[PDB]
Structure formats: structure tokens, C-alpha cells
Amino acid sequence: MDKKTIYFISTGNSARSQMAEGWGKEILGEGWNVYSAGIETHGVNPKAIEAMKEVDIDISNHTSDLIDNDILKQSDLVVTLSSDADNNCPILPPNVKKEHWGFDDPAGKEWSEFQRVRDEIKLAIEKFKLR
């Protein structure tokens, strides 16, 4: 069937949203275009890159972006990863569905927290695929 589009939006496009994009392309790649953005943009967190590298997923080529309206309007599903993203997300046109999957912000925390959030996001995406 026609490939769908999922857009992960978080406070920034530095950690949670980048790991979601990484997992999304790996798990949902066959039937989904996967993108990510932040309400704010502050570079990709090197620890998020390393966290994904540890599970053989390369996100070193990702970029930190604000929301692209063109992609947004053509998205089938928008997933917010933080309450700030949930609240600051633009009013979505009727053709776009929206869900909130919250995760803790690993910024400034110890290494194991990046691993923890990485794997919680992995689980959420694996469950999503089973719908």
C-alpha cells in the first residue's frame, strides 16, 4: 500500500526525537517515511549518536531541524515525545493524526539514562508496528 509518514516532534531535535527517527527508520522503514523535529533546535547530542551506534544504528547523518510545514501537512501521524512538544505543536490539519508518547529528557544526565530512554523509545516503536 502507499507508504505513510510519521513525524517525531520533541522539545529539541537533539536526543529523544533523533533516537526515535533512528529506530523508526530501522523498524518502520518498509512502510514509513520517518522524520523528526523540535520546537527548538540545538544540535544533535553526541551521546544520542553514541547510544544508537551501540545498537548498530547510525544517526550521524541526521540534522537538527525545526518543524517543516510541508512535511507536517503531509504526515499521517505526528508523535510528540515531550509535554512541551505536545503543547507547542501547531494545530494539525484534519488529515494528520496526533499522539503523545512521553519520555524523560536525558540531556545532562549520566550515560545509562541515554541508554534507558533509547530502549524505551525502541519498545514504543516496536509496539506501534504491531497495530
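Start at 1 with the first residue shown and count on from there.
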ask   = Mean C-alpha B factor from the entry: is it higher for 47 to 55 or for 84 to 92?
value = 84 to 92
ask   = Out of 5 to 13 and 21 to 29, which one has CA B-factors that are higher on average in the deposited record?
value = 21 to 29
request  = Please place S75 in the lowest, middle or highest third of its chain by C-alpha B factor as given in the entry.
outcome  = middle
note = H100: CA B-factor among chain residues, third -> lowest
request  = Among all modelled residues of this chain, ranked by Cα B factor, put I125 in the bottom, middle or top third, i.e. lowest, middle or highest.
outcome  = lowest
